[PDB]
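See below for the structure under consideration.
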Amino acid sequence: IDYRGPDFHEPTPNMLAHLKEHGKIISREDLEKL
Amino acid sequence: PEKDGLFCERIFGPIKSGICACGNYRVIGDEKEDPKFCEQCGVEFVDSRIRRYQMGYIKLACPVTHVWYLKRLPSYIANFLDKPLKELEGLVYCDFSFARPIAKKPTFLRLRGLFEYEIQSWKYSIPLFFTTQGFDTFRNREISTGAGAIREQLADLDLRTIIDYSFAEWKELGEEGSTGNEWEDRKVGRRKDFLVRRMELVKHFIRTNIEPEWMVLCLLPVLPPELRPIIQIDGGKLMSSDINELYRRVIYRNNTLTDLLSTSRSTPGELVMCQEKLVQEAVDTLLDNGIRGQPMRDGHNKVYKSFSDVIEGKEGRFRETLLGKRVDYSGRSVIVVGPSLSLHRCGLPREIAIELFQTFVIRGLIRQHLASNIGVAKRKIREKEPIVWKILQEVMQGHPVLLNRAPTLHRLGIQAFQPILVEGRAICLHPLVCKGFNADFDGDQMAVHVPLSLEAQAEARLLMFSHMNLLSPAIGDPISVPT
Amino acid sequence: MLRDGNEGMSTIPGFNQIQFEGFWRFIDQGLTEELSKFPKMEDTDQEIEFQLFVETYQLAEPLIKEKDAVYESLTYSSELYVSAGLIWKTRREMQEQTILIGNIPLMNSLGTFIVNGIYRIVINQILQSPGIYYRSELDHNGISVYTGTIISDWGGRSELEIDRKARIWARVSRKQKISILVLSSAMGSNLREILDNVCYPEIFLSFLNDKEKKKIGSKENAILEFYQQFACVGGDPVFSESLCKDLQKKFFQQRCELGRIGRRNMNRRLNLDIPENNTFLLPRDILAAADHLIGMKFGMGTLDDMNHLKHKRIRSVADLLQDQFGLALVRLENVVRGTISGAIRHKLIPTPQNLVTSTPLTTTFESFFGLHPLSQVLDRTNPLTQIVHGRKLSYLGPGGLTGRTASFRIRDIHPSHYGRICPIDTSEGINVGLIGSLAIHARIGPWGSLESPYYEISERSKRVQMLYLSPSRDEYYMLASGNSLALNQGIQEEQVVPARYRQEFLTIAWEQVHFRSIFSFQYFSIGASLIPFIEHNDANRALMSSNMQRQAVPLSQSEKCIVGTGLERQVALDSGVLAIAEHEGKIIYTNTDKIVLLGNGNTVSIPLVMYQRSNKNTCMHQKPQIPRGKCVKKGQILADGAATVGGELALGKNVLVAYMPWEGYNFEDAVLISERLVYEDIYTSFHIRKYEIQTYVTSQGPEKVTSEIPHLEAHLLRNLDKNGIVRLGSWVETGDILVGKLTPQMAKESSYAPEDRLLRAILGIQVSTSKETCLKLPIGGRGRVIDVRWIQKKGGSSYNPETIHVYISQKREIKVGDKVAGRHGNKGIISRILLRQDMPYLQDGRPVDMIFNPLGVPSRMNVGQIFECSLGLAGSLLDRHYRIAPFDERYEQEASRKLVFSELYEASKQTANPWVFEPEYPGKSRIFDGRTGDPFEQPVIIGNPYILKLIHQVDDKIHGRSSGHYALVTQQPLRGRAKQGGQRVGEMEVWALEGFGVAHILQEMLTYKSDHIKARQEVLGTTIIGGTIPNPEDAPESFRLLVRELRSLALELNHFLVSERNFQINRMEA
Amino acid sequence: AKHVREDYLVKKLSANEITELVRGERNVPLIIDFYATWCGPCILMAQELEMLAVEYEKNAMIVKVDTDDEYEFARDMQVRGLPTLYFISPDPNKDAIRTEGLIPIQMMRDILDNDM
């Protein structure tokens, strides 16, 4: 079954990856604490 | 547990068969010459069955009115004393009263009074008139409060005089016409019914071995420990009983009462009354919780399971414990249709049959000298030897089994059958009896039972077989017809 | 925020947007709107101060991974960091730093949370929305009671009533505080000049012109007349601060916080004009409520419905998580209050992090996901159930109706659950009509109202002609469901179609149609939309047709259905079982443990799921799809999954079927399958069972693990490894030891039974101080060990209790007793399995693969199977698959008949098989007998339907018990099959035994096989050896217990045996 | 923004951007797609172009023009039908190719491989 196509919704985004803004990596979090 | 506690081994039996409080063990095994008590231990070495039958006993240093006879609908105490329920309910619990017990002792104190304590002025009004000569020589002579005055009054009035007086009152009421006012129409009837139930109760008391003073109890029995156990789980988890909680509360408050009363010396005032009535309310909660205005709740915002809660209810006592009993020699299954079976025959799976006729197969192995000991026979059973099925095809021929449909609806829901061994995991049932069971084959479960007694086998074979029960008892119409 | 708006208006939306959108809305706004509610708490000494800056919060990337979260039974969560300092009023300083408030769980791609290694999902709830509702429940005297109930956000009811032009009163609760006045707690002009706003303010105007006295500040001063403090007191009430605060909830706090929905509903019902930001009770609101109440009797007026969806609201994961976060923040502020109380008396200057610990948030969320009835473990029987679980609605739960105090009208289909709630998918049993599903196109709109798409008909052609209508806007439009394929000699615009105006069903001309539903999958749920030819099945059978697809067992190898509805593709897409590409590129590496793709520079590795265990003990086995070197766009399928062949869901197999009574072996609902289904692995599935055994630290020792056990049969330890845990590959049978730990038993030779001492002394058996503790395999549960896990503890305690998990798989075939079900509610129990030469064969010699009972069709009235049956045959003879949308009888009359018969004729003509379409009884053919070579006298309907295999297997239902464990108190067999209990007999059963007049049978089911302590042992003895079973004398222990707790209430119960020959009392002891 | 990959690879460009692309120096073949939303067969063409833009990662540039936006520019390019593709060679010596209709993807590959 070919997804995408005309009769299927847009692809579901990975929820962690979808959180572009309200989420930071551990390195930046460590850096901003000092 | 502990000595003098909820699980006090000193009063109950040993927690282990033979092991005493210290830990020594005595071989008895018989009802013969053996020390009844082990000196320092003072504990018999008989089985721990006595654990679940020994009765505890506590003393409340205050008479306690039974909840059933005081709080419930038309309490018998009100009829016994010919007093309004509000009066006696204020004598105790609310404690907004001071009763006067008329008794054997003379009444040199002027007049009687009945009860009057609800006015804030009485804190320092009566002391000018009260006492004036000692404290115990006036207050403790008479005018008692709490349940003590109620119990003494119960122990005072003569039943025969009550019968005579109530008969006189009935005669007086019966000779009045009235029938003019609706209030007057309904006032006479209630009083006459009150008098009639009063003489009924009094006459029942007169000719019986039961004394009225026993409704105001003074000594509280305690349920045996084993029937209210604390579950021992691995790691130290304990699943105790709420009964232990209410019992602990009651005995601790009673201990506080004993400490306060035995330390009278400088006698206090309202504090003694407050603590005594708190003890009374605690006993009230223990006996019948959920019937008072405020039901006490444990550490989960949930009311306790009272003794009345255990007694009363579709899931408590008198409903399913004494009627619905799980039995041995039983096993669930799934039902399929067998058209080849005869009317007097069913089909049992090989797995179910071996777990129901196991002991008869142990017969077959031991008697036929194919095995020697119980352990050897069970070991041979557990390994599925080819001779095991020859025994569990030989002790089942002629031994009926009762098949029961789990959602029983009518009389023909349980029927006896002659089982045979089938290969698979499903019970084959005759199609004609299906409407007798009201059973389809979309997925259903049937429970099997094995009658062990010879009389029971005769009953099953000669009274519950589907060849002498071919007619329904409704109107007498056939119950097994080609569907 | 909004995504592509035309989702659900041009395609079927993904069956995840509820949970996904709820969580995203929570993360985006609830955190901000809950952090602001955190106070500026401080100390009474004017010495310290705590502040929480709001517009600085952010989350952190989770430390552990989801695979490791479920691998170590951890909790997949992210740390919440907020930047805020602490102010000390000792040197007037403020130390600013970023602190860690706590941890918040995160959803995965499935819409679930991983809490303590368990998948959990949040169920939506339906609650009555705040607002004003008028009612009338009559009276026994024949009196109309006009109630004006008002519901706040929390549930504060302040009713208003009139009794034949009586005094309007604010009934608080029960029958008390019958207050009549509408005084203000500020400005209420009780005198005049504002109350005369509708028709008349007289209504017994203060009786004698004052009723007491007049406005001033209160109708007797002292605030709120004399009922300022009338709630509860021990005597006479007197105003006090605590009483005032307690009654503020009943006056203002908990009975005038309407909220957004409450304000909107009040402005709608009463048709007022107040700014929407005002969410409190105004005097004009109560004035208009009283006006409407009095005017209802005077002709005009109408009464509200408690079941209309415009009077209800939906709570989802967003609101539940917001409330949980609020509770957690309250707990946190209490903790900081305690710490700041303890931060001065110890004379320490701590950093802000020392004033906040992550105890409240973590424990609060664990308690929420562990105790709340609206958070339930995910059902993973098959890909269908994962999708079905997420989209559920329930009236139950906190603050809602229960299964006992729910009326009968609430258990019916209102004419508003049409585009929003499926009407044929509910929960059977006591909670019937209280738990339902969501419509396929349904969507939670603003204010928690369910919305449905409709095509607007207008002569302007705006741009997007589709709208999302709410229940409040639904009943005032004329929603057609007809067609434009009808022409008369006049004009086409006067043709008549069925419609739905208000709450009725009319038939109107095309010229007065405002909206037009166009979607076939709009009034049903996911379960009901997987039934082909649903329009030919009785609506009574649809419930169980939907309910028997959630019990399907994913088989080893899957196969697609010839006839379907075309919704299987989206179910497979949204189930989460698949592995869809998150990037472009070419498949440059594939192994059956991983797929590596190269696209746009970087290289992405996707790990497959080889073999795992479901919550219902079923495997989850994935498989790569596209070979090496080919390319995939974003979102396309990369790997298959369990029961998901192709890009489609596949819960069953296509099998040849003939409807005929064979020999009574298909009586009622029995099926008669052939051997071809057991040696070709047509129905064969893997079941993995997880046996977990832990260790404890007792007084003697911490239950040492070992590979040897004293006086245990070595054969039972043949597969035990040297460490003490069975290794992989062992064909462990029943009763075999998996993990055996030598629990240190007491050196209790004194407690040992004399029989044990005799056995150990006479036969020389040694005396050991170790209990026999091992994970013996129960009855059944055989298989081959596929995985072993051994872990310990790591925390404050120095001792590490080791837990062992053993996974035993088992390849179970299809045997007599299994349940095979179709898609049209035709269930069945396999009765017999025949060899291929013993079954009827068609006129081409092919043996039949399954035989059903024809009589089942007229009873359940599901003709839709027959169509599918015939159609399946055509597919099997033409190498084509049909995906037919439901309700195809709109284009034509008897369109399904045309489709089926044309396909059958084409299959019979292209392949010369003249028996496929017999032009004298179409769809039927004359099959022969497999054991006589004779043709059955009448033609038989044959086909290729899609049959499933159900989870209720026979090996999970067998039982048997001669003796064993007894309950501690009742002394009865424990329960069920796990505890080796015995079947229960009670009530009706006894009534049958009394009816038959059998006394010994009834007696021995209560004394011998039950409570008797001393009689079970003796029947065991006289049954091992043989004798005449003696009738018992003493009563069972049930009566002893009865007399015991009737003694605890100061009551007697004495038995007596007054003799008929001596009159001597023989009182039994009890 | 480098966090989630783009769902669609073909980038829509205006008329002036296309003029700049054709006039400016190029080293890879260029594909110009003419399409409209109301078009019937153009959904399939869009899907096929999206598939083609993945196989040719960086060796080709694919763009589309909406005739509803730039109608005169489409008319000037000698477009007499919506499903139209223009193949532009990377060198100015070789002439361009115009293809009309719903052509198969394989012939598109042949066009920009063996003729461009």
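By convention in this document, the chains of the structure tokens carry letters A, B, ... by their order, each chain's residues are numbered from 1, and ligands are numbered from 1 in the order they are shown.
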Taking only C-alpha atoms into account and nothing else, which residues of chain C lie no more than 6 Å away from chain A? Please answer as an mmCIF file with N, CA, C and O atoms, in the first residue's frame.
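Writing the result to out_22.cif gives the following:
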```
data_model
loop_
_atom_site.group_PDB
_atom_site.id
_atom_site.type_symbol
_atom_site.label_atom_id
_atom_site.label_comp_id
_atom_site.auth_asym_id
_atom_site.auth_seq_id
_atom_site.Cartn_x
_atom_site.Cartn_y
_atom_site.Cartn_z
ATOM 1 N N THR C 11 -9.346 13.928 3.714
ATOM 2 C CA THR C 11 -8.879 12.563 3.904
ATOM 3 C C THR C 11 -9.308 12.096 5.285
ATOM 4 O O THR C 11 -9.660 12.901 6.150
ATOM 5 N N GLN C 58 11.663 25.206 30.384
ATOM 6 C CA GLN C 58 11.998 24.372 29.239
ATOM 7 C C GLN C 58 12.196 22.947 29.729
ATOM 8 O O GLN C 58 12.410 22.706 30.919
ATOM 9 N N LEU C 59 12.119 22.007 28.796
ATOM 10 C CA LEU C 59 12.310 20.597 29.092
ATOM 11 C C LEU C 59 13.678 20.142 28.600
ATOM 12 O O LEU C 59 14.356 20.832 27.835
ATOM 13 N N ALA C 60 14.080 18.960 29.056
ATOM 14 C CA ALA C 60 15.374 18.388 28.724
ATOM 15 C C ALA C 60 15.185 17.091 27.951
ATOM 16 O O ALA C 60 14.177 16.398 28.107
ATOM 17 N N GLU C 61 16.160 16.777 27.108
ATOM 18 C CA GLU C 61 16.125 15.525 26.370
ATOM 19 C C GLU C 61 16.191 14.358 27.351
ATOM 20 O O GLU C 61 16.999 14.393 28.290
ATOM 21 N N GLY C 635 7.824 8.865 4.955
ATOM 22 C CA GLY C 635 6.549 8.333 5.383
ATOM 23 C C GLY C 635 6.128 7.034 4.734
ATOM 24 O O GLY C 635 5.084 6.489 5.111
ATOM 25 N N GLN C 636 6.894 6.517 3.780
ATOM 26 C CA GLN C 636 6.536 5.260 3.148
ATOM 27 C C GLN C 636 6.928 4.080 4.033
ATOM 28 O O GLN C 636 7.717 4.205 4.972
ATOM 29 N N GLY C 647 0.825 -3.264 3.236
ATOM 30 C CA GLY C 647 0.556 -2.071 4.012
ATOM 31 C C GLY C 647 -0.805 -2.134 4.671
ATOM 32 O O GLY C 647 -1.341 -1.113 5.111
#
```
For the alpha helix (DSSP H) assignment from backbone DSSP, which residues of range 308-379 of chain B qualify? Please present them as JSON, numbers by chain. {"B": [308, 309, 310, 311, 350, 351, 352, 353, 354, 358, 359, 360, 361, 362, 363, 364, 365, 366, 367, 374, 375, 376, 377, 378, 379]}
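Once residue 68 in chain D and its same-chain neighbours fewer than 4 positions away are set aside, residues 35, 36 and 37 of chain D remain within 9 Å of it when counting only C-alpha atoms.
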Check: which chain D residues lie within 7 Å of chain C using only C-alpha atoms, as a list in words: residues 5, 7, 51, 54 and 55 of chain D
Take the residues just selected and output them with N, CA and C atoms as a PDB file, in the first residue's frame.
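Written out: result-v1.pdb:
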```pdb
ATOM      1  N   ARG D   5      12.698  16.147   8.662  1.00  0.00           N
ATOM      2  CA  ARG D   5      12.936  16.213   7.229  1.00  0.00           C
ATOM      3  C   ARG D   5      11.702  16.733   6.500  1.00  0.00           C
ATOM      4  N   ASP D   7       8.747  16.958   3.906  1.00  0.00           N
ATOM      5  CA  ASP D   7       7.913  15.935   3.287  1.00  0.00           C
ATOM      6  C   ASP D   7       7.995  15.983   1.767  1.00  0.00           C
ATOM      7  N   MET D  51       8.791  11.158  -6.518  1.00  0.00           N
ATOM      8  CA  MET D  51       9.592   9.937  -6.506  1.00  0.00           C
ATOM      9  C   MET D  51      10.899  10.128  -7.268  1.00  0.00           C
ATOM     10  N   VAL D  54      13.955  11.865  -5.586  1.00  0.00           N
ATOM     11  CA  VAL D  54      14.691  11.158  -4.544  1.00  0.00           C
ATOM     12  C   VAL D  54      15.837  10.343  -5.130  1.00  0.00           C
ATOM     13  N   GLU D  55      15.594   9.645  -6.243  1.00  0.00           N
ATOM     14  CA  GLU D  55      16.657   8.871  -6.878  1.00  0.00           C
ATOM     15  C   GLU D  55      17.798   9.771  -7.333  1.00  0.00           C
TER      16      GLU D  55
END
```
Near range 22-26 of chain D, counting only C-alpha atoms, which residues have an atom at most 8 Å away, once you skip same-chain residues fewer than 6 positions from it, shown as number ranges by chain? D: 88, 90-91
I'd like the neighbourhood of residue 224 in chain B as a PyMOL selection string, where a residue qualifies if any of its atoms comes within 10 Å (using only C-alpha atoms), though same-chain residues fewer than 4 positions away should be ignored. (chain B and resi 6-7+12+50-57+228-229) or (chain C and resi 1041+1044-1045+1048)
Nearby residues (only C-alpha atoms) at most 12 Å from residue 897 in chain C, same-chain spacing under 6 positions excluded, as a PyMOL selection string: chain C and resi 533+536+863-864+866-868+870-871+888-889+903-904+922-923
Close residues, range 104-115 of chain D itself excluded, 8 Å, only C-alpha atoms, min 2 positions apart in chain, as a list in words: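 The residues that qualify are residues 29, 48, 49, 52, 87 and 102 of chain D.
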Cut-off 12 Å: closest chain D/chain A atom pairs per residue, using only C-alpha atoms, as JSON lines:
```
{"residue": "D:1", "atom": "CA", "partner": "A:20", "partner_atom": "CA", "distance": 8.5}
{"residue": "D:2", "atom": "CA", "partner": "A:20", "partner_atom": "CA", "distance": 9.6}
{"residue": "D:3", "atom": "CA", "partner": "A:17", "partner_atom": "CA", "distance": 6.4}
{"residue": "D:4", "atom": "CA", "partner": "A:17", "partner_atom": "CA", "distance": 6.5}
{"residue": "D:5", "atom": "CA", "partner": "A:13", "partner_atom": "CA", "distance": 9.5}
{"residue": "D:6", "atom": "CA", "partner": "A:11", "partner_atom": "CA", "distance": 10.5}
{"residue": "D:7", "atom": "CA", "partner": "A:11", "partner_atom": "CA", "distance": 7.8}
{"residue": "D:8", "atom": "CA", "partner": "A:4", "partner_atom": "CA", "distance": 10.4}
{"residue": "D:40", "atom": "CA", "partner": "A:6", "partner_atom": "CA", "distance": 11.7}
{"residue": "D:41", "atom": "CA", "partner": "A:6", "partner_atom": "CA", "distance": 11.8}
{"residue": "D:42", "atom": "CA", "partner": "A:6", "partner_atom": "CA", "distance": 11.3}
{"residue": "D:43", "atom": "CA", "partner": "A:6", "partner_atom": "CA", "distance": 7.6}
{"residue": "D:44", "atom": "CA", "partner": "A:5", "partner_atom": "CA", "distance": 8.6}
{"residue": "D:45", "atom": "CA", "partner": "A:5", "partner_atom": "CA", "distance": 11.4}
{"residue": "D:46", "atom": "CA", "partner": "A:5", "partner_atom": "CA", "distance": 9.8}
{"residue": "D:47", "atom": "CA", "partner": "A:5", "partner_atom": "CA", "distance": 7.2}
{"residue": "D:48", "atom": "CA", "partner": "A:5", "partner_atom": "CA", "distance": 10.4}
{"residue": "D:50", "atom": "CA", "partner": "A:4", "partner_atom": "CA", "distance": 10.5}
{"residue": "D:51", "atom": "CA", "partner": "A:4", "partner_atom": "CA", "distance": 10.9}
```
Residues of chain C within 7 Å of chain B, counting only C-alpha atoms, as a PyMOL selection string: chain C and resi 664-665+667-670+696-697+750-751+816-817+827-829+831+954+957-963+969+972-973+982-989+992+995-996+998+1000-1001+1005-1006+1009-1010+1023-1025+1029+1038+1044-1045+1048-1050
Just asking: which residues within range 176-422 of chain B are strand (DSSP E) according to DSSP, as a count of residues only? 37
So what do you get for CA of residue 937 in chain C versus CA of residue 837 in chain C, distance-wise?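 CA of residue 837 in chain C lies 20.1 Å from CA of residue 937 in chain C.
For the pair CA of residue 117 in chain C and CA of residue 794 in chain C, the separation is 16.8 Å.
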What is the CA of residue 415 in chain C to CA of residue 437 in chain C distance in Å?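 About the pair CA of residue 415 in chain C and CA of residue 437 in chain C: they are 16.1 Å apart.
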